[PDB]
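Have a look at the structure below, then the notes.
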Amino acid sequence: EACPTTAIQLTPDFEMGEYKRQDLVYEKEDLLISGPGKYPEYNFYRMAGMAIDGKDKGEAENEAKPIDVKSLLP
Amino acid sequence: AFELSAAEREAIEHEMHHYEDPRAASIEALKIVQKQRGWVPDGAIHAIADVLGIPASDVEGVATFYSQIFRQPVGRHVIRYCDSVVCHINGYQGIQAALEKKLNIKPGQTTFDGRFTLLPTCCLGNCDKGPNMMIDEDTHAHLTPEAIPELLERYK
Amino acid sequence: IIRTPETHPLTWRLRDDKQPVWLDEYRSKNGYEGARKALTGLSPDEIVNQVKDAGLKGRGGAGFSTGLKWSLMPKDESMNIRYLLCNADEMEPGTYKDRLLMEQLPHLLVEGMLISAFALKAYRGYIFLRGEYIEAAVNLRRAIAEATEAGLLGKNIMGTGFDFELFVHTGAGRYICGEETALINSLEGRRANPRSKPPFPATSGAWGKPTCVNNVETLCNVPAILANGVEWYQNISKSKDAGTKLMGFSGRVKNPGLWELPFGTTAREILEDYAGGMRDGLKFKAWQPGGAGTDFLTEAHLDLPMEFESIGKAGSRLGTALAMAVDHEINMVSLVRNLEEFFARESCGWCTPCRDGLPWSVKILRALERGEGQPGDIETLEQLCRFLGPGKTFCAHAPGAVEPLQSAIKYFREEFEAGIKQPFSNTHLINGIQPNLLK
Amino acid sequence: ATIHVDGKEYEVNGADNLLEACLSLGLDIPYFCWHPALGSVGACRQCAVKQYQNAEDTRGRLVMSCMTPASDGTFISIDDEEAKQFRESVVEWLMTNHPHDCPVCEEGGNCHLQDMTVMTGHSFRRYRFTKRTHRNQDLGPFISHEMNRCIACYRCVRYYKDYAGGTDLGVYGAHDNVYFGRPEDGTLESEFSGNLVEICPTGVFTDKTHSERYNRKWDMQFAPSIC
Ligand SMILES: Cc1cc2nc3c(=O)[nH]c(=O)nc-3n(C[C@H](O)[C@H](O)[C@H](O)COP(=O)(O)O)c2cc1C
Ligand code: SF4
Ligand code: SF4
Ligand code: SF4
Ligand code: FES
Ligand code: FES
């Protein structure tokens, strides 16, 4: 409910019993599945304003291209 | 690199004589550089800052604040058509469409050969004679879309 | 129509070939006699009293009294470095009067500088002129050179001992520079952000010194008052606004132009006598009394005198009294879209309501133009008009920006409602999340 | 002096403005452009209260509490409906162009703009148009620059130029394309440039050294220490 990227999800799976209590500490490779899970299309970085690879400034949703202050338009 | 000429520096100093603060000649120094070079390049900001004794951030803020100080390269002639309300009533849209069709550019852009740069401007104070358009030094009034090619031809 | 010096104190010495009147011709047509009388027989305080008693109001659009503005100057003799500034910016759309009065009668402006600077004890004067008035700048510089050659400017003017130097400062093309405190900031070579008041420019203005900013037309009204007296100026019109005013209609009329008329002249009188009415096949729809920053008025308001209180009580401002006539075929949404685009690009960016609320209105008006308006857009425009009023924003640019919008919404709401043609959608459906269906 | 806020009487210093006087008493007024050390300029228009002329006044007038002196016998209202609506409108206007960046923003959980968006009670977005964007500068090893998050409150330039005496950070541009930063890419030359990470109420100027090994403020173990 807290996740703003829909990254963390609770799956319909319950068989998680273990022999050692230390083996119930799941690291990132034990959690990161290879697909989108319950939310199949949401991409936070498609909405965020911060620039990453493949998505420059002004390429997010509802964003205009940046206008330089040196531009000739009034 | 950039270097102010002697004439530019003399004009800037003579403008500095007219005010009790040398900062007050920043607009006129930018306009002097713009008259001599068509626009204000990047080194001109630091040169004017060194002459006036004010930070380059202040000169850059003045240069980017005012619309008629060009911080990007322009063409040989700056077409400035009035897009304000009285010229809107008098139909500047025909003038803008004629200029776009003749020059094959969008407003704010420059032609391939650097001849004209198309810009909308504010009200030119000639509303009773609209639509008006100010090329480099001359204001042209009572404009019609069929008189645009005959008016642009005299500006080589 | 003939123009006698008694009823046309600003335009009687104009020439029929639209050529400037130089120093010899100006002196032949009763030139610098008000300046001579003021500088050879009058104290500065009694000149300020004469201006205040003549009821000279400001011609820049605010309509404030000039004598009361000059009376705000300090009485201390220690502050002797004082400045007179001329708002020759004239950047308001629909205004074309100061261009005429400076291209054709520059020595009237120079004489007004002389008298007003002597009255204010102002040692320096600057004409803050826009950079698009090349001919006006050339004529003003030539007039200043001629007056310096004749001994009317510089040191020891006419043997009085009053030293006054006059400069022409060409602007760099920004509308907000017309605001007087922003004019002071742009004169100092800064970004033309306006200043909060108090303190007024009369206490600490240009470079912290006492500084009075006046319009071109006010300083051109000054020499007639000093030459022909106070009771003559009070007896020009039988109205509460004394003196004459440069009025005129523009836009789709038969004879768009500028004429000097006494206050109290109705706008229908100007339209149907001097402008000649609308052109062929055009029905008169609306009119702005005082330029781009004034409320629209309908044809029912056309029978109204062009005074400050009469236009103000109708729900508008007199402004520069240069009216613009809008005919029937002009779409109100497109006109207000153009106006708001101007006002939102000529913002100075200082304060949040103008800077971030005028572009929102611009985008809403673009959507209403394209038929892509959504429900709640007109309510957003109305709330913007209520929240950009006087005192909400840092200067008076945004109230003058929202006056045409609210007036066009008041009188032409059907077109704005006709702009709304699609349902309100702010979100998109995310696959996996059920939306909160608000009612 | 004596001020009457929402029908309650308080004794405040008369040399203070209304915003700092009411904040000293514990009254919550949102503010962006004002800072205690920088003075009052009245830019952001966020500190609006309703000032009445006297006790038996009903209309009032919206004023900026940072620009209004705390004179004797001053009647104001903070929680009036018109003042609350105007303050929420100012927050909304700041939110129209603000990027969708809080998860990936170093000021998240530490952001004055977040706190004032929540405090004015603005949580429903009805703006549907494009947001203006900006390109960032490289300000050196210490200060990271992200101009999208700017609310144009002029705190950075006022501190860096008027207070700190620096010369290489200004405001450039116009109407709503105002930009804050250096005239070119380069290191900020002030010895006190790092105070921008706390002067800026948004995530424009952030601690790059903290950003390389980042955690939120609620995860920090703090202590009072001496440099
Ligand atoms: C946004 C704005 C633009 C203005 N532009 C001008 C202008 O272009 N010319 C002018 O004379 N006054 C302009 N004014 C009015 C001035 O603030 C001031 O009232 C005037 O220049 C001098 O006052 P006066 O009428 O007593 O002479 C403008 C005011 C505002 C708020
Ligand atoms: S209303 Fe505000 S942002 Fe707009 S021009 Fe005036 S001070 Fe500048
Ligand atoms: S500056 Fe504040 S409101 Fe903006 S993205 Fe960062 S945390 Fe969110
Ligand atoms: S960069 Fe930060 S401190 Fe500067 S104006 Fe923008 S929000 Fe304010
Ligand atoms: S509206 Fe175009 S010249 Fe004034
Ligand atoms: S805090 Fe008062 S207007 Fe910004």
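Heads up, the Cβs are rebuilt from the backbone with ideal geometry, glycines too, and the neighbour counts pull from every protein chain shown. Bear in mind these aren't lab numbers, they're just calculated from the coordinates by the rules spelled out.
Only Cα pairs under 8 Å and 6+ residues apart enter the sum, and on that basis the relative contact order of region D:85-140 stands at 50 percent.
When the charge dipole of chain C is built from unit charges on Cβ atoms (+1 for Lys and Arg, -1 for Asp and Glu) and taken about the Cα centre, the candidate among C:423, C:96, C:407 whose Cα reaches farthest toward its positive end is C:423.
Sort region B:6-65 into rounded, prolate or oblate with this rule: let a ≥ b ≥ c be the square roots of the eigenvalues of the Cα gyration tensor; rounded if a/c is under 1.5, and if a/c is not under 1.5, prolate when a/b is larger than b/c, oblate otherwise.
On the way: a/c = 1.63, a/b = 1.11, b/c = 1.46.
It is oblate, given that a/c is not under 1.5 and a/b is not larger than b/c.
Which of the peptides D:207-217, C:12-22, D:95-105 is most tightly packed, and how do the rest follow, going by the mean number of other Cβ atoms within 10 Å of each residue? Intermediate results must be reported in sequence, preceding the final value.
On the way: D:207-217: 11.7, C:12-22: 13.9, D:95-105: 20.0.
Those peptides, ordered most packed to least, come out D:95-105, C:12-22, D:207-217.
If you run the Gaussian network model on chain D, springs between alpha carbon atoms under 10 Å, then out of D:25, D:139, D:62 the most flexible one is D:25. For region D:1-102, applying the loop criterion from DSSP together with a ceiling of 15 other beta carbons within 10 Å to the trypsin sites (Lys or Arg not before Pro) yields D:59. Paramagnetic label reach from residue A:73 (point 7 Å along Cα→Cβ; backbone nitrogen cut-off under 20 Å): within region C:332-348, residues C:334-348. Structure remark: mean-square fluctuation, Gaussian network model of chain C, C-alpha springs under 10 Å; the largest value among C:106, C:198, C:93 belongs to C:198.
Taking only the Cα atoms of region C:23-235, the radius of gyration and Dmax are 15.8, 45 Å.
Roughly how many whole Å is it from the C-alpha centroid of region B:105-156 to that of region C:163-214? Comparing the Cα centres of region B:105-156 and region C:163-214, I get a distance of 31 Å.
With axes computed from alpha carbons, what is the tilt in degrees of helix C:397-411 against the longest principal axis of chain C, rounded to the nearest 10 within 0 to 90? Taking Cα atoms only, the helix is inclined about 50 degrees.
By how many degrees, between 0 and 90 and to the nearest 10, does the Cα long axis of helix B:6-16 differ from the longest principal axis of chain B? Here the helix axis deviates by roughly 80 degrees.
May I ask you to list the GluC sites (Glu not before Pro) in region B:3-54 that are in a DSSP loop and have at most 15 other Cβ atoms within 10 Å of their Cβ?
Details: sites: B:3, B:8, B:10, B:13, B:15, B:20, B:28; in loops: B:3, B:20.
Passing sites in region B:3-54 are B:3, B:20.
Placing pseudo-labels 7 Å out from each Cα toward the beta carbon at residue C:254 and residue C:53 gives an inter-label distance of 4.5 nm.
Looking only at other chains, what is the average number of their beta-carbon atoms within 10 angstrom of each beta-carbon in B:20-27?
Numbers: counts 7, 5, 1, 4, 9, 2, 5, 12.
Partner-chain Cβ atoms within 10 Å, mean over residues of B:20-27: 6.
Using a 10 Å cut-off around each Cβ of peptide B:78-91, what is the average number of partner chain Cβ atoms that fall inside?
Details: counts 1, 0, 3, 0, 2, 5, 10, 17, 15, 3, 11, 11, 4, 2.
Partner-chain Cβ atoms within 10 Å, mean over residues of B:78-91: 6.
What FRET efficiency comes out for residue C:303 versus residue C:414 if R0 is 25 angstrom and r is the Cβ-Cβ distance? Round to the nearest 0.05.
Working: r = 24 Å, r/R0 = 0.97.
It comes out at approximately 0.55.
Of the chymotrypsin sites (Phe, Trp or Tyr not before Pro) found in region B:1-70, those that fall in a DSSP loop while having at most 15 other beta-carbon atoms within 10 Å are B:2.
Sort C:292-304, C:148-160 by packing, meaning the average of other beta carbons within 10 Å per residue, with the highest value first. Don't jump to the answer; show the numbers that get you there.
On the way: C:292-304: 20.0, C:148-160: 15.0.
Going by the mean number of other Cβ atoms within 10 Å, highest first, we get C:292-304, C:148-160.
For region C:199-306, the orientation-averaged shadow of the C-alpha convex hull comes to 9.3 nm² (one quarter of the hull surface). Placing a pseudo-label 7 Å from each Cα along the Cα-to-Cβ vector at residue C:27 and residue C:77 gives an inter-label distance of 3.4 nm. Between C:199, C:71, C:263, the Cα set farthest toward the positive side of the dipole of chain C (charges on each charged residue's Cβ, about the Cα centre) is that of C:199.
I'd like the FRET efficiency for residue A:3 and residue A:24, computed as 1/(1 + (r/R0)^6) with the beta carbon distance as r and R0 of 30 Å, rounded to 0.05. Mind showing how you got there, number by number?
Values: r = 22 Å, r/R0 = 0.72.
Once the sixth-power term is evaluated, E becomes 0.90.
Nearest 10 degrees, 0 to 90: what angle lies between the long axis of helix D:81-95 and the longest principal axis of chain D (Cα atoms)? Helix D:81-95 and the main axis of chain D meet at about 10 degrees. Between the beta carbons of residue A:46 and residue D:221, assuming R0 = 35 Å, the FRET efficiency works out to 0.50 to the nearest 0.05. With a 10 Å cut-off around each Cβ of C:167-180, the average count of Cβ atoms from other chains is 4. About the centre of its Cα atoms, region C:244-327 shows a dipole size close to 240 debye [charges on the beta carbon of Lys, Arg (+1) and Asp, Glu (-1) only; nearest 20 debye].
Charges only on Cβ, +1 for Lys and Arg, -1 for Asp and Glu: so what's the dipole of chain C about the Cα centre, in debye to the nearest 20?
Details: 51 positive and 54 negative charges, 158 e Å.
Charge dipole, chain C, about its Cα centre: 760 debye, nearest 20.
Using a 10 angstrom cutoff on alpha carbons, build the Gaussian network for chain C and name the most mobile of C:63, C:178, C:319. Highest fluctuation among the options: C:63.
Over 14 Å apart: what share of the alpha carbon pairs of region D:20-85 falls there, rounded to a whole percent?
Details: 1204 of 2145 pairs.
Cα-Cα pairs in region D:20-85 separated by more than 14 Å: 56 percent.
I'm checking a number: the convex hull volume of the Cα atoms of chain D, normalised per residue, in Å³. What is it?
On the way: hull volume 35.1 nm³, N = 227.
Cα convex hull per residue, to the nearest whole number: 155 Å³.
Once you reduce region A:1-66 and region D:42-95 to the center of their Cα atoms, the two points are 44 Å from each other. Pairs of alpha carbons in region D:125-227 separated by more than 25 Å make up 26% of all such pairs.
When the charge dipole of chain B is built from unit charges on Cβ atoms (+1 for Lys and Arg, -1 for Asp and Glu) and taken about the Cα centre, the candidate among B:30, B:46, B:97 whose Cα reaches farthest toward its positive end is B:97.
Taken along the Cα-to-beta-carbon direction at a fixed 7 Å, the label points for residue B:74 and residue C:12 span 4.4 nm.
Its relative contact order, with pairs defined as Cα atoms under 8 Å and 6+ residues apart, puts chain C at 15 percent.
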